[PDB]
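One protein chain, two forms: both are listed below as structure tokens, the first as structure 1 and the second as structure 2.
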Structure 1
């Protein structure tokens, strides 16, 4: 219970890595806002499983990448935190929600690009901007990046660009927020089983396993344990940092 008394927002917490992060933070004693876009039943399962194991949670619906998305998010977040704790204080922020798309660089449209950049970099920036008014000293901001910012992959170039824009938040905000003692950091998972049918195809799973020096794709729990650490007092002297959680995928 090292996060006892703390509050946390995890975006994209209805499934995958975000679900795992939400479960781990919850288990550590934080009140967790489990955020989602359209996965309402899934978000409620994640919220229940935190409570089931002795913690505290609720869900917040906000479709990111459209106008007024952050407003919707923080209206639901701050209301939920008020009614439950008596304040709007947000101690921990995990920008996890993300979209992925594969395709030849030749076939990328401007619509695809805007969507990618809107969800993966723009929303996170404005979520941080909005979080600054309600985040107490000693707060934590963690952005879930991708190892593809260090590994060339033409089929994922626009995704890559969007994550490279995301990583800049940690660098520039950690300087802004130093005297508030708010740490801002990027976690880069490698290929991670997010429970979607793609990781069931044995040939595809073989290929992705090869990329880690461990010979496996990651379980979401493995990323979640790194995020839990960054959220704790134990990671207080880490800020503006790129954390390689790819299982040795970035070895060249």
Structure 2
């Protein structure tokens, strides 16, 4: 197996929800840069394997980690798999880069939202990222990186996605408070807000929604996942060392009013 070197050679990274979509693109980019990437998934193990194998065929290093998030024991399951894999491959449990990308999306009348729907959105999109950050701190060296994938919908009124917006609003608070907490350790903590992005899902196959999504960006297109990944990879690098506690707009001009 040939080894491609890059700016993140020697670093380790966890990307949650890396089996497809934006997460996949993030893992691929971090892997290309030289980071040993833990490609996390809930149930898409074949997709996750494809990503990890892609990273390795291109000269990188990667492995998959299964953990359903939003249920009791989730963070323990995640970190058992992560730390086993990191120890096997590096001799240590150190985690340099954490990308909280896994999330769920939903569209529906606000009048129809149930308490169970609210709990699930909040459990996956806000609660799990908090507890993943909390657990990561015990193994993240000084100079680390935490990047939380939010949404432009925290700045664009979208009644049919209020629950989702609430969960991402909570997510964004992680960067604000933890950036200060972790300043002395030089761990940067930032939110990245993608605009509408073609994740290859069934919902993007629907003509009615797909038509309106393209016009949200000032560029008149939805994003390719790679356009979001390139921003995350920058934040994960030395070049973004003076950026912390920030909201980074990667929406292609969706937040212009």
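Numbering follows the first chain given and starts at 1. Shifts are known only where both forms have a C-alpha. Basically, rigid core = biggest C-alpha set you can superpose within 1.5 Å across the two forms.
Trainee: Upon rigid core superposition, which of the listed residues (66, 221, 40, 201) is displaced by 2 angstroms or more at its Cα between the two structures?
Mentor: Comparing both forms, the shifted residue turns out to be 201.
Trainee: Would you look up how far the C-alpha of residue 187 moves between the two structures when the rigid core is overlaid, in angstrom?
Mentor: So the C-alpha of this residue moves 0.1 Å.
Trainee: Moving stretches between the two structures on a rigid-core fit: which runs of at least three residues all have C-alpha shifts of 2 Å or more?
Mentor: Only this run moves by 2 Å or more: 197-206.
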